[PDB]
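Here's the structure, in structure tokens; my notes come after.
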Amino acid sequence: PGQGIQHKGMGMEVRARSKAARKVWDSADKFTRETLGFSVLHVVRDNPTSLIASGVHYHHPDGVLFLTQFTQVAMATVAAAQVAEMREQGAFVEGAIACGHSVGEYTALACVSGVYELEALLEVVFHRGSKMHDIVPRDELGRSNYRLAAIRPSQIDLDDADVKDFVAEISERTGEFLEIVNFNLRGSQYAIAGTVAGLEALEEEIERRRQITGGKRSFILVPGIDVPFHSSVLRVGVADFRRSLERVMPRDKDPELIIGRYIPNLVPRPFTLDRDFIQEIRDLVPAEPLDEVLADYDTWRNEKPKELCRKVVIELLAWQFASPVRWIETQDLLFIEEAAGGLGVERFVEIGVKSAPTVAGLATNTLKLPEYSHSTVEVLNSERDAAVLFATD
Amino acid sequence: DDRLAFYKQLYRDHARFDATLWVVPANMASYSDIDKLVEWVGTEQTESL
Amino acid sequence: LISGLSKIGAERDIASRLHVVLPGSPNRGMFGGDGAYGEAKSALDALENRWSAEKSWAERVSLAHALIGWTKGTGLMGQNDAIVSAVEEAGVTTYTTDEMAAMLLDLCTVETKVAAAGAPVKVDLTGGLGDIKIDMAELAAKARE
Amino acid sequence: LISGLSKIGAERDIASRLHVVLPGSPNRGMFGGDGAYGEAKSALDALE
């Protein structure tokens, strides 16, 4: 799962019991204390207000745990520790296909494929948080001319193509900026960022289009997000983060654990290293390291493949900043791959403790509407369903 | 208040921009004071209405 | 008090070094007339050892040692004020409160702050009262008398 | 204790000098491992 459901003392019960959880937390907490002069344990355990770090000063009236430079770190460590325990009990299956939503994708790769050290994971994730704060213009009050909004196309007869249409029209019409940021659920969840007036005009449209609306149905504005990220406005700051990734993500890694198991955001379809796949990336995200590899695929000599996967993996993570996260396609893709590979019993488990109910509830409603085919499917959450995860009952 | 008025006099003279002064009753002979004082010095910076 | 602010700094997790200026008494052992300052503050050298011993105190607290020389206040030293000129005749310096305050701030400058972060800084703010050959058995007592 | 035996000596009026051997710890500051002796006994110079 992604950010925003994080709670004070999340997964702190597991830390007191599991040994694997302690090693994940303490190795992470020690690094952060020595390098950046602060502890993630304290932040998670009791939520502070202001914090001063090495070069930076973070102040929030509510909590620092809800600040992204921290929140992402907390969320990543919580999940990484929970999976480690699941791995210690051997409950992790050898053929498990894994994916993540936004910041959760970094944890996904960390847990299943071990693509970075525990301290290495919290480096990228922390810096990615600090990178998300300085990207967009602000006022004296820290105001934004933009915002984000959550759409539900349902309750009326409207489709994904109908939503895309209406948004594209009002985007061109007013001359303002309106972008569909997140494709989450087929007929259920969509996120949209751009000019506030554009968000308002879009809110207005469905209220007019839907015949039954007296209450401004189907539209939820997002508090706290001032950045129209995952739109066409963010593509500038990738190159600096693309280098930062290559520093913290070296070339000795497991290709297979990622391939076919991992579903990027920028790329809705499963990771595989092929001339076909690398091209799909370039099309969505034009890039210098990628376009050359596509130009000559005749580099076939066996020294390449791991080195190829290592850059392709980083390209997906670096430009994940820019490209919209497709959760719809991620879910639907799983159906596509199963159907071609057989439909027999599947178990869907979400990890990260209290973040687990979200994308499961996202899956649950998705398992309903397109998936009506009557399939045996199990939706399991680390927070809620733990008795089922460890099979103890 | 004779001690309290003095620090007000001292502040209104030598205070620059960004300057904030804090005056408190304190006893360094009391361990309770020391613990209670820094527990006050270290907590939040928040005012709940 | 040092331990208290060390806990807060560690619990709330700051790497910021609190600079504690230790109000050392000037030049212990070469004055017999003070009766209070000279003896009490000599264990500050032993306190600098505690920080040099305890490992985790470095990030929370830095020890800046300042030896505060002869400094003229009105209330306590109202007897000592007249012989301030007399002691100053030995080629030694006695300080006004504003002068000594300035000496204490200079330890709080960025240059000397970083110096304290690398290692404990012992500063002699005394006016040369250390090599003083003036007999305190007389020139202090008589002054007081 | 020193003051106590000083009173007795003065009250009962003896000029006899009580020799108090002060159990000083060896060479303060050049050992960091004792942890007790080295620091405590350096004030015996102040007691002199």
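Within each chain, counting starts at residue 1; across the structure tokens, chains are named A, B, ... in the order shown, with ligands numbered 1 upward in that order.
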Which residues come within 12 Å of residue 80 in chain C, counting only C-alpha atoms, excluding same-chain residues fewer than 6 positions away, as number ranges by chain?
-> C: 33-34, 70-74, 86-87, 94, 139-145
Please dump the current selection as a tab-separated table (two decimals), in the first residue's frame; keep C-alpha atoms.
chain	number	residue	atom	x	y	z
C	33	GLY	CA	41.48	34.59	49.57
C	34	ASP	CA	38.43	33.72	47.47
C	70	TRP	CA	38.35	38.92	38.45
C	71	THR	CA	35.03	40.56	37.58
C	72	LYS	CA	33.63	43.52	39.47
C	73	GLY	CA	30.06	43.46	40.76
C	74	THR	CA	28.69	46.07	43.16
C	86	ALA	CA	45.67	47.93	43.69
C	87	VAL	CA	45.60	44.41	42.22
C	94	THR	CA	40.43	42.91	36.32
C	139	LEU	CA	46.28	42.05	49.94
C	140	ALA	CA	42.98	40.15	50.08
C	141	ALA	CA	42.32	40.11	53.83
C	142	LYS	CA	43.50	43.72	54.29
C	143	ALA	CA	41.27	44.69	51.36
C	144	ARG	CA	38.36	42.94	53.04
C	145	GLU	CA	39.35	44.33	56.45
Which residues, written as an MDAnalysis selection string, have at least one atom at most 12 Å from residue 63 in chain C, with only C-alpha atoms counted and residues fewer than 6 positions away on the same chain left out?
-> chainID C and resid 2 17:24 44:52 57 107:108 112:123
For the residues selected in the previous step, produce a file with N, CA, C and O atoms as a tab-separated table (two decimals), in the first residue's frame.
chain	number	residue	atom	x	y	z
C	2	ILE	N	22.46	18.58	32.78
C	2	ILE	CA	23.11	18.17	31.54
C	2	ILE	C	22.53	16.85	31.07
C	2	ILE	O	22.27	16.66	29.88
C	17	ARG	N	24.47	19.54	18.94
C	17	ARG	CA	25.27	19.56	20.16
C	17	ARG	C	24.93	20.77	21.03
C	17	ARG	O	25.12	21.91	20.61
C	18	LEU	N	24.44	20.51	22.23
C	18	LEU	CA	24.22	21.57	23.20
C	18	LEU	C	25.56	22.00	23.75
C	18	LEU	O	26.31	21.19	24.30
C	19	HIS	N	25.87	23.29	23.60
C	19	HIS	CA	27.14	23.80	24.09
C	19	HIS	C	26.95	24.33	25.50
C	19	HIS	O	26.30	25.35	25.71
C	20	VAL	N	27.52	23.62	26.46
C	20	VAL	CA	27.41	24.02	27.85
C	20	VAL	C	28.68	24.74	28.26
C	20	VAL	O	29.76	24.14	28.32
C	21	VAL	N	28.57	26.03	28.53
C	21	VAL	CA	29.72	26.79	28.99
C	21	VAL	C	29.84	26.59	30.49
C	21	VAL	O	28.95	26.98	31.25
C	22	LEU	N	30.94	25.97	30.91
C	22	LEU	CA	31.14	25.67	32.32
C	22	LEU	C	31.85	26.82	33.02
C	22	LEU	O	33.03	27.08	32.77
C	23	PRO	N	31.12	27.51	33.90
C	23	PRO	CA	31.62	28.71	34.59
C	23	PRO	C	32.75	28.41	35.57
C	23	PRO	O	32.57	28.56	36.78
C	24	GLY	N	33.89	27.99	35.05
C	24	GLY	CA	35.03	27.67	35.89
C	24	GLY	C	35.58	28.89	36.61
C	24	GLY	O	35.55	30.01	36.08
C	44	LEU	N	35.76	20.56	37.65
C	44	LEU	CA	35.28	20.71	36.28
C	44	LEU	C	36.24	20.05	35.29
C	44	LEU	O	35.84	19.67	34.19
C	45	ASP	N	37.50	19.93	35.68
C	45	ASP	CA	38.49	19.18	34.91
C	45	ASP	C	38.15	17.70	34.98
C	45	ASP	O	38.41	16.94	34.04
C	46	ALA	N	37.58	17.29	36.10
C	46	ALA	CA	37.14	15.91	36.28
C	46	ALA	C	35.82	15.69	35.55
C	46	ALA	O	35.51	14.57	35.14
C	47	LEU	N	35.04	16.76	35.40
C	47	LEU	CA	33.77	16.68	34.70
C	47	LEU	C	34.00	16.58	33.19
C	47	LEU	O	33.22	15.95	32.48
C	48	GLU	N	35.07	17.21	32.72
C	48	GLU	CA	35.47	17.10	31.33
C	48	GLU	C	35.91	15.67	31.03
C	48	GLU	O	35.83	15.20	29.90
C	49	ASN	N	36.37	14.97	32.07
C	49	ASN	CA	36.75	13.58	31.95
C	49	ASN	C	35.54	12.66	31.79
C	49	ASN	O	35.61	11.65	31.10
C	50	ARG	N	34.44	13.03	32.43
C	50	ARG	CA	33.21	12.25	32.34
C	50	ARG	C	32.66	12.26	30.92
C	50	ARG	O	32.15	11.25	30.44
C	51	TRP	N	32.78	13.40	30.25
C	51	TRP	CA	32.36	13.51	28.86
C	51	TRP	C	33.35	12.79	27.95
C	51	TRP	O	32.97	12.23	26.92
C	52	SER	N	34.62	12.81	28.34
C	52	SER	CA	35.66	12.13	27.57
C	52	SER	C	35.59	10.62	27.81
C	52	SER	O	36.17	9.84	27.06
C	57	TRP	N	27.45	10.82	24.94
C	57	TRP	CA	27.15	12.19	25.35
C	57	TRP	C	27.60	13.23	24.33
C	57	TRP	O	27.16	14.38	24.37
C	107	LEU	N	33.23	32.75	22.92
C	107	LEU	CA	33.22	31.30	22.97
C	107	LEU	C	31.99	30.75	22.26
C	107	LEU	O	31.95	29.58	21.87
C	108	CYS	N	30.97	31.60	22.10
C	108	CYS	CA	29.72	31.18	21.47
C	108	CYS	C	29.73	31.48	19.97
C	108	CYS	O	28.74	31.23	19.27
C	112	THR	N	34.54	29.00	17.52
C	112	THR	CA	34.83	28.28	18.75
C	112	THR	C	33.76	27.24	19.09
C	112	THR	O	33.98	26.35	19.91
C	113	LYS	N	32.59	27.35	18.46
C	113	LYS	CA	31.55	26.34	18.64
C	113	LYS	C	31.97	25.01	18.02
C	113	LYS	O	31.90	23.97	18.67
C	114	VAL	N	32.42	25.06	16.77
C	114	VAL	CA	32.88	23.87	16.06
C	114	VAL	C	34.09	23.25	16.76
C	114	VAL	O	34.27	22.04	16.75
C	115	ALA	N	34.91	24.10	17.38
C	115	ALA	CA	36.07	23.63	18.12
C	115	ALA	C	35.65	22.77	19.31
C	115	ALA	O	36.33	21.82	19.67
C	116	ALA	N	34.51	23.13	19.90
C	116	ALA	CA	33.98	22.39	21.04
C	116	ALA	C	33.37	21.06	20.61
C	116	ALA	O	33.31	20.11	21.39
C	117	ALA	N	32.92	21.00	19.36
C	117	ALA	CA	32.32	19.79	18.82
C	117	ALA	C	33.37	18.71	18.59
C	117	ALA	O	33.08	17.51	18.69
C	118	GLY	N	34.59	19.13	18.29
C	118	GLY	CA	35.67	18.20	18.04
C	118	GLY	C	36.33	17.71	19.32
C	118	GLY	O	36.84	16.59	19.37
C	119	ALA	N	36.29	18.55	20.35
C	119	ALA	CA	36.96	18.27	21.62
C	119	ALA	C	36.64	19.38	22.62
C	119	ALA	O	36.41	20.52	22.23
C	120	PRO	N	36.63	19.04	23.93
C	120	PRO	CA	36.35	20.01	24.99
C	120	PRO	C	37.30	21.20	24.94
C	120	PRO	O	38.51	21.01	24.81
C	121	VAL	N	36.75	22.40	25.06
C	121	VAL	CA	37.55	23.61	25.00
C	121	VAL	C	37.67	24.27	26.37
C	121	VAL	O	36.67	24.68	26.96
C	122	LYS	N	38.90	24.37	26.86
C	122	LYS	CA	39.16	25.05	28.13
C	122	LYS	C	39.73	26.44	27.86
C	122	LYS	O	40.84	26.57	27.33
C	123	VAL	N	38.97	27.46	28.22
C	123	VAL	CA	39.37	28.84	27.94
C	123	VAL	C	39.73	29.59	29.21
C	123	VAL	O	38.98	29.59	30.18
For chain A, which residues have at least one atom within 12 Å of chain C, if we go by only C-alpha atoms? Write them as a list in words, please.
-> residues 29, 30, 32, 33, 34, 35, 36, 37, 38, 39, 40, 41, 42, 43, 44, 45, 46, 47, 48, 49, 50, 51, 52, 53, 54, 55, 56, 57 and 64 of chain A
Residues from last step as file, C-alpha atoms, as a compact mmCIF listing (two decimals), in the first residue's frame:
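Result file selection.txt:
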# COMPACT_ATOMS: atom_id res chain seq x y z
CA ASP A 29 16.84 3.15 13.30
CA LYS A 30 20.59 3.03 13.95
CA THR A 32 19.00 7.15 10.67
CA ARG A 33 20.28 8.14 14.11
CA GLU A 34 23.93 8.24 13.06
CA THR A 35 23.60 9.84 9.61
CA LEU A 36 20.54 12.10 9.89
CA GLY A 37 20.53 12.42 13.68
CA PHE A 38 16.99 11.12 14.25
CA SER A 39 15.07 7.93 15.06
CA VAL A 40 12.12 6.55 13.13
CA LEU A 41 11.17 4.43 16.15
CA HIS A 42 10.43 7.50 18.27
CA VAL A 43 8.46 9.15 15.46
CA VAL A 44 6.31 6.05 15.02
CA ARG A 45 5.99 5.28 18.74
CA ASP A 46 4.94 8.79 19.81
CA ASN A 47 3.99 11.43 17.23
CA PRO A 48 5.93 14.71 17.64
CA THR A 49 5.13 18.13 16.07
CA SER A 50 8.36 19.75 14.90
CA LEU A 51 11.69 18.13 14.10
CA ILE A 52 15.03 19.53 13.08
CA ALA A 53 17.24 17.25 11.02
CA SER A 54 20.75 17.52 9.57
CA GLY A 55 20.15 20.21 6.96
CA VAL A 56 16.39 20.53 7.18
CA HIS A 57 13.66 21.74 9.54
CA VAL A 64 5.72 14.47 11.91
Point-to-point distance in Å for CA of residue 61 in chain A and CA of residue 49 in chain B = 13.1 Å
Near range 3-18 of chain A, counting only C-alpha atoms, which residues have an atom at most 8 Å away, once you skip same-chain residues fewer than 6 positions from it, shown as a list in words?
->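 Everything that qualifies: residues 25, 44, 45, 46, 47, 65, 66, 71, 72, 74, 75, 78, 82, 85, 102, 103, 104, 352, 353, 354 and 355 of chain A.
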Just-selected residues, N, CA and C atoms written as a PDB file, in the first residue's frame:
ATOM      1  N   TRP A  25      13.907  -3.003  12.029  1.00  0.00           N
ATOM      2  CA  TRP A  25      13.738  -1.698  12.658  1.00  0.00           C
ATOM      3  C   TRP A  25      15.045  -1.122  13.199  1.00  0.00           C
ATOM      4  N   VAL A  44       7.413   6.995  15.119  1.00  0.00           N
ATOM      5  CA  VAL A  44       6.310   6.049  15.020  1.00  0.00           C
ATOM      6  C   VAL A  44       5.660   5.794  16.378  1.00  0.00           C
ATOM      7  N   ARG A  45       6.486   5.604  17.405  1.00  0.00           N
ATOM      8  CA  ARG A  45       5.989   5.280  18.740  1.00  0.00           C
ATOM      9  C   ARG A  45       5.141   6.405  19.337  1.00  0.00           C
ATOM     10  N   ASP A  46       5.691   7.615  19.366  1.00  0.00           N
ATOM     11  CA  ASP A  46       4.940   8.786  19.813  1.00  0.00           C
ATOM     12  C   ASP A  46       5.093   9.904  18.783  1.00  0.00           C
ATOM     13  N   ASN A  47       3.973  10.440  18.305  1.00  0.00           N
ATOM     14  CA  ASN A  47       3.986  11.430  17.230  1.00  0.00           C
ATOM     15  C   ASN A  47       4.319  12.844  17.707  1.00  0.00           C
ATOM     16  N   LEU A  65       4.872  12.200  11.871  1.00  0.00           N
ATOM     17  CA  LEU A  65       4.696  10.855  11.344  1.00  0.00           C
ATOM     18  C   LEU A  65       3.845  10.935  10.092  1.00  0.00           C
ATOM     19  N   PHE A  66       3.078  12.014  10.005  1.00  0.00           N
ATOM     20  CA  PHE A  66       2.221  12.264   8.861  1.00  0.00           C
ATOM     21  C   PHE A  66       2.928  13.161   7.842  1.00  0.00           C
ATOM     22  N   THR A  71       6.795   9.663   7.074  1.00  0.00           N
ATOM     23  CA  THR A  71       5.711   8.743   6.730  1.00  0.00           C
ATOM     24  C   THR A  71       6.125   7.634   5.766  1.00  0.00           C
ATOM     25  N   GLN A  72       6.837   8.001   4.705  1.00  0.00           N
ATOM     26  CA  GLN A  72       7.294   7.021   3.732  1.00  0.00           C
ATOM     27  C   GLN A  72       8.281   6.058   4.382  1.00  0.00           C
ATOM     28  N   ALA A  74       8.492   5.360   7.645  1.00  0.00           N
ATOM     29  CA  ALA A  74       7.737   4.549   8.592  1.00  0.00           C
ATOM     30  C   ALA A  74       6.998   3.423   7.879  1.00  0.00           C
ATOM     31  N   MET A  75       6.270   3.777   6.824  1.00  0.00           N
ATOM     32  CA  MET A  75       5.494   2.809   6.054  1.00  0.00           C
ATOM     33  C   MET A  75       6.374   1.715   5.457  1.00  0.00           C
ATOM     34  N   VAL A  78       7.754  -0.595   8.348  1.00  0.00           N
ATOM     35  CA  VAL A  78       6.659  -1.381   8.909  1.00  0.00           C
ATOM     36  C   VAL A  78       6.383  -2.623   8.065  1.00  0.00           C
ATOM     37  N   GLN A  82       7.399  -6.755   8.558  1.00  0.00           N
ATOM     38  CA  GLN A  82       6.298  -7.711   8.604  1.00  0.00           C
ATOM     39  C   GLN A  82       6.519  -8.869   7.635  1.00  0.00           C
ATOM     40  N   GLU A  85       9.168 -11.355   8.878  1.00  0.00           N
ATOM     41  CA  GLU A  85       8.597 -12.306   9.823  1.00  0.00           C
ATOM     42  C   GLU A  85       7.837 -13.399   9.080  1.00  0.00           C
ATOM     43  N   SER A 102       2.541   3.433  -5.427  1.00  0.00           N
ATOM     44  CA  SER A 102       3.423   4.564  -5.148  1.00  0.00           C
ATOM     45  C   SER A 102       4.639   4.161  -4.310  1.00  0.00           C
ATOM     46  N   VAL A 103       4.757   4.763  -3.131  1.00  0.00           N
ATOM     47  CA  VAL A 103       5.878   4.528  -2.223  1.00  0.00           C
ATOM     48  C   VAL A 103       5.966   3.060  -1.787  1.00  0.00           C
ATOM     49  N   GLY A 104       4.845   2.350  -1.875  1.00  0.00           N
ATOM     50  CA  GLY A 104       4.800   0.949  -1.498  1.00  0.00           C
ATOM     51  C   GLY A 104       5.567   0.048  -2.448  1.00  0.00           C
ATOM     52  N   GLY A 352       2.236  -4.484   5.518  1.00  0.00           N
ATOM     53  CA  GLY A 352       2.406  -3.133   6.021  1.00  0.00           C
ATOM     54  C   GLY A 352       1.479  -2.810   7.175  1.00  0.00           C
ATOM     55  N   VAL A 353       0.905  -3.855   7.765  1.00  0.00           N
ATOM     56  CA  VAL A 353      -0.019  -3.730   8.895  1.00  0.00           C
ATOM     57  C   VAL A 353      -1.228  -2.854   8.550  1.00  0.00           C
ATOM     58  N   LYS A 354      -1.392  -1.726   9.236  1.00  0.00           N
ATOM     59  CA  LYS A 354      -2.630  -0.952   9.141  1.00  0.00           C
ATOM     60  C   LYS A 354      -2.922  -0.385   7.749  1.00  0.00           C
ATOM     61  N   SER A 355      -1.952  -0.480   6.847  1.00  0.00           N
ATOM     62  CA  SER A 355      -2.150  -0.039   5.473  1.00  0.00           C
ATOM     63  C   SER A 355      -2.824  -1.133   4.646  1.00  0.00           C
TER      64      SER A 355
END
Could you give me, as a ChimeraX atom specification, the residues within 7 Å of range 34-46 of chain D, counting only C-alpha atoms and dropping anything in the same chain fewer than 3 positions from it?
-> /C:39,46 /D:24-26,28-29,31
Atoms to include: N, CA and C atoms. Write the selected residues as a PDB file, in the first residue's frame.
ATOM      1  N   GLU C  39      38.273  26.441  44.983  1.00  0.00           N
ATOM      2  CA  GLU C  39      38.239  25.014  45.271  1.00  0.00           C
ATOM      3  C   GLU C  39      37.132  24.266  44.526  1.00  0.00           C
ATOM      4  N   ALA C  46      37.578  17.288  36.103  1.00  0.00           N
ATOM      5  CA  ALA C  46      37.136  15.912  36.277  1.00  0.00           C
ATOM      6  C   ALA C  46      35.817  15.685  35.550  1.00  0.00           C
TER       7      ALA C  46
ATOM      8  N   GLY D  24      45.061   7.972  49.110  1.00  0.00           N
ATOM      9  CA  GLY D  24      44.908   8.472  47.759  1.00  0.00           C
ATOM     10  C   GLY D  24      44.991   7.376  46.715  1.00  0.00           C
ATOM     11  N   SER D  25      44.220   7.539  45.645  1.00  0.00           N
ATOM     12  CA  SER D  25      44.261   6.634  44.505  1.00  0.00           C
ATOM     13  C   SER D  25      45.451   6.960  43.610  1.00  0.00           C
ATOM     14  N   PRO D  26      46.083   5.930  43.028  1.00  0.00           N
ATOM     15  CA  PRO D  26      47.329   6.182  42.301  1.00  0.00           C
ATOM     16  C   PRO D  26      47.108   6.945  41.003  1.00  0.00           C
ATOM     17  N   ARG D  28      45.928   9.868  39.189  1.00  0.00           N
ATOM     18  CA  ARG D  28      44.685  10.236  38.518  1.00  0.00           C
ATOM     19  C   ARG D  28      44.915  10.716  37.082  1.00  0.00           C
ATOM     20  N   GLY D  29      43.998  10.356  36.187  1.00  0.00           N
ATOM     21  CA  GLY D  29      44.007  10.855  34.823  1.00  0.00           C
ATOM     22  C   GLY D  29      44.716   9.999  33.789  1.00  0.00           C
ATOM     23  N   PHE D  31      44.642   6.648  33.963  1.00  0.00           N
ATOM     24  CA  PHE D  31      43.861   5.419  33.851  1.00  0.00           C
ATOM     25  C   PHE D  31      42.398   5.772  33.619  1.00  0.00           C
TER      26      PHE D  31
END
Those in chain D with alpha helix (DSSP H) from DSSP, as a ChimeraX atom specification | /D:2-11,37-40,44-47
Using only C-alpha atoms, select each residue of chain B with any atom at most 9 Å away from an atom of chain A, and give the selection as a PyMOL selection string.
-> chain B and resi 43-46
Mind giving me the straight-line distance from CA of residue 128 in chain A to CA of residue 363 in chain A in Å, one decimal?
->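 One can read the CA of residue 128 in chain A to CA of residue 363 in chain A distance as 26.9 Å.
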Within 8 Å of residue 179 in chain A, counting only C-alpha atoms, which residues qualify if same-chain residues fewer than 5 places away don't, as a compact mmCIF listing (two decimals) with C-alpha atoms, in the first residue's frame?
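And here's part26.txt as it stands now:
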# COMPACT_ATOMS: atom_id res chain seq x y z
CA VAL A 167 -11.90 15.56 -18.25
CA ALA A 168 -10.11 15.95 -21.58
CA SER A 171 -9.02 20.53 -19.88
CA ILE A 192 -7.24 13.91 -10.61
CA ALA A 193 -4.79 16.79 -10.13
CA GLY A 194 -4.37 20.17 -11.78
CA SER A 231 0.97 14.77 -14.25
Output the contact residues of chain B with respect to chain C at a cut-off of 12 Å, based on only C-alpha atoms, as a ChimeraX atom specification.
-> /B:27-44
Run DSSP on the backbone and grab whatever in chain C lands in strand (DSSP E); send it over as a ChimeraX atom specification.
-> /C:18-24,61-67,71-72,95-96,121-124
Contacts of residue 258 in chain A at 9 Å or less, counting only C-alpha atoms, minus same-chain residues fewer than 6 places along, as a list in words?
-> residues 97, 98, 109, 112, 113, 115, 271, 272 and 313 of chain A
Of the listed residues D:7, D:48, D:1, D:32, that which approaches chain C most closely, counting only C-alpha atoms |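 Checking each of D:7, D:48, D:1, D:32 against chain C, counting only C-alpha atoms, the winner is D:32.
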So what do you get for CA of residue 4 in chain B versus CA of residue 98 in chain C, distance-wise?
->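 One can read the CA of residue 4 in chain B to CA of residue 98 in chain C distance as 21.8 Å.
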